[PDB]
Amino acid sequence: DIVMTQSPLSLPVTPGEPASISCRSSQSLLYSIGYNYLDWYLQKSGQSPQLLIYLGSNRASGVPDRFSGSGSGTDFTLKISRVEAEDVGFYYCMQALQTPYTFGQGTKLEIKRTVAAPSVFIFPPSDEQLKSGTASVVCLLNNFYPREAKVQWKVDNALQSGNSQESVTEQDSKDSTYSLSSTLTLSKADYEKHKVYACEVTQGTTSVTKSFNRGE
Amino acid sequence: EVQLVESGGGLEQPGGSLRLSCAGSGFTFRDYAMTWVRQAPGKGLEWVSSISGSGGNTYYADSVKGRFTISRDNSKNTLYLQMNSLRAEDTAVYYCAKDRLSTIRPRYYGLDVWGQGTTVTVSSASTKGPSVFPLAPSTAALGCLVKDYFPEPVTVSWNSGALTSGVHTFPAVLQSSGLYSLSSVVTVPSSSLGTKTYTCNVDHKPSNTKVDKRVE
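Those protein sequences? They're chains B and A, same order as listed.
Per PDB author numbering, the first sequence starts with residue 1, numbered consecutively.
Read in order, the letters of the second sequence are residues 1 to 102, 104 to 138, 146 to 224 in PDB author numbering.
As structure tokens, this is what we get:
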């Protein structure tokens, strides 16, 4: 199997700066003069891969000027002359010289931007859910930067541990921010044994808390 | 536009089998080799299989040889993948892609067109459709909580896809119950909360659960 290795795996770039993603193959991909069997693909979050470049340097249909490929034999470079925020996603090289076709590991393009604090929202369990026997309390962190943020649930000011799970979106293609959702899961019984439900979000040494009283 | 639409993904037991399909339109199907590429959860791309335009030749990754069988029906513009002796490692989104022109020597334009994919989960657990609960509160957030379903995936849209700006649909988390739970939120002008309805459109094909929940 031809082994493809990509450099870097993570590429933080400021919009407007160039980017360059490199691919090495373990065997030469030059089949004939002008025929290097290497392609570049982009996969944006929650989408299919799309072809950027084929045969080392041929830009596919509808791909912007900004993208170009070069190289020969065992070494190849995808270039982005001027990175835009909508370019965020994963980039893979693939050789098609031989079956099995084989991919590089992926390079995640990350956009650098200014810090943005999240708009925070807390959601109590629905009465519909409570009827089942369980309560999920949800905390939304909307449109922040950078990725690092700490979510701490507090129940009647007691710090919770081990009863929450969270997940985060990929960087937004327009504003380059992340969002995060956290769910605190309690039995209905436990939920009804307490009053104040609080989500505290920390970025650096600043902490923002949204809460509600189960009663009111 | 050339388009590829995959179908046939879902849940099956280890040892079991399933067939995937991929319908092509917008091109002369029989002229082109057709390829399957898969993506295990949170991993990169892996080539699975190809088959020439005519079906003269088939090609498989080492790990799928013999238990997977590619096919095509040129008269219905349809590619197939018979997946037998299923393993945990076959859990992935499977994509179909248009491959080389099958001229005395084939002509290669990259994997120029890709399907939207179809998710295959290999697990001894059983199918379970989600509950959908509202997330009720100059900007307001509202959402839906899609709780307790198996396997992946679920899709969420808002107002039948009309509403796109401000939507975050989060990565599902696997709870300790072995079931998934996902949230989808949108930020909306607070002013219009009385003059405009917001409906989440949840689909979980594996359970045939298709739910529209108005959030008040």
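Every residue, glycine too, gets a C-beta built ideally from N, C-alpha and C.
The C-beta of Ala149/B has 16 or more other C-beta atoms within 10 Å across all chains shown, which makes the residue buried. Just measuring C-alpha positions, the residue of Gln203/B, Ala135/B, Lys154/B, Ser119/B sitting nearest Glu192/B is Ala135/B. The alpha helix (DSSP H) runs lying completely inside the segment 121-152 of chain B and spanning 4 residues or more are 127-130, given in chain order. By the 16-neighbour rule on beta-carbons within 10 angstroms, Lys65/A is exposed. Assignment of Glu216/B by DSSP, reduced to helix, strand and coil, places it in the coil class. Considering only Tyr206/A, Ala88/A, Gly53/A, the residue with the shortest C-alpha distance to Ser125/A is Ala88/A. In this structure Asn142/B is buried. Its beta-carbon is surrounded by 16 or more other beta-carbon atoms within 10 angstroms. The criterion of a C-beta distance shorter than 7 Å is not satisfied by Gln82/A and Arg38/A. Taking a C-beta distance under 7 Å as the contact criterion, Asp31/A and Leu51/B do not qualify as a contact pair. Taking each of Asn36/B, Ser45/B, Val155/B, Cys23/B in turn and checking the Cα distance to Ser176/B, the smallest one comes out for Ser45/B. For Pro12/B, the pairing in a beta bridge is given by DSSP as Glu110/B.
Interface residue (Cβ-Cβ distance to chain A less than 7 Å): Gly106/B is classified as such. Pairing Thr102/B with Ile2/B gives a Cβ-Cβ distance under 7 Å. Counting along the chain, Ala23/A sits inside the beta strand (DSSP E) bounded by residues 18-25. What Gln117/A touches in chain B, judged by beta-carbon distance under 8 Å, is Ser48, going in chain order. Under the Cβ criterion (8 Å, minimum of three pairs), the segment 210-221 of chain A does not count as touching the segment 193-211 of chain B. Using beta-carbon distances, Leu78/B does not count as an interface residue toward chain A, since no partner is under 7 Å. A distance of 7 Å or more separates the beta carbons of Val48/A and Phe27/A. In chain order, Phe134, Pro135, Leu136, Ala137, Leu153 make up the part of chain A whose C-beta sits under 9 Å from the C-beta of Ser126/B.
Using a Cβ-Cβ distance cut-off of 8 Å, the segment 155-173 of chain B and the segment 7-14 of chain A are not in contact, since fewer than three pairs of beta carbons, one from each stretch, lie closer than that value. In the three-state DSSP reduction, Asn36/B falls in the strand class (E or B). Among the residues facing chain A, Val138/B is included, as its CB has a counterpart in that chain under 7 Å away. Taking a 10 Å sphere around the C-beta of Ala189/B, we find fewer than 16 other C-beta atoms and assign the residue as exposed. Between the segment 191-204 of chain A and the segment 164-177 of chain A there are three or more inter-stretch CB-CB distances shorter than 8 Å, so the stretches are counted as touching. For the 7 Å CB-CB criterion, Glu86/B and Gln152/B do not form a contact. Under the 8 Å Cβ criterion, the segment 47-63 of chain A does not count as touching the segment 47-61 of chain B, having fewer than three qualifying pairs. Straight through space, the alpha carbons of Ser71/A and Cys152/A are spaced by roughly 41 Å. Spanning the alpha carbons of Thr217/A and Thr185/B requires a straight line of approximately 24 Å. In terms of Cβ geometry, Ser132/A and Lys155/A form a close pair [threshold 7 Å]. The C-beta of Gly130/A comes no closer than 7 Å to any C-beta of chain B.
Taking a contact as a CB-CB distance under 8 Å, the pair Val155/B and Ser191/A does not count as one, their CB atoms being some 20 Å apart. Within chain A, the residues placing a beta-carbon under 8 Å from that of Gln129/B are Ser132, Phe134, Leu153, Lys155, ordered along the chain.
For the segment 179-200 of chain A, the residues whose beta carbon sits under 8 Å from a beta carbon of chain B are, in order, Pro179, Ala180, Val181, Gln183, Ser189, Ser191, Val193, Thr195. Apart from the 5 residues on each side of it in sequence, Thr195/A sits with its Cβ closer than 8 Å to the Cβ of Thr147, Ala148, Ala149, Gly174 in its chain, given in chain order. Distance from the Cα of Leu78/B is smallest, within the candidate group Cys23/B, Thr114/B, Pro146/B, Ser132/B, for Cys23/B.
Within the same chain, and ignoring the five residues on either side of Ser185/A in sequence, the residues whose Cβ sits closer than 8 Å to its Cβ are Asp156.
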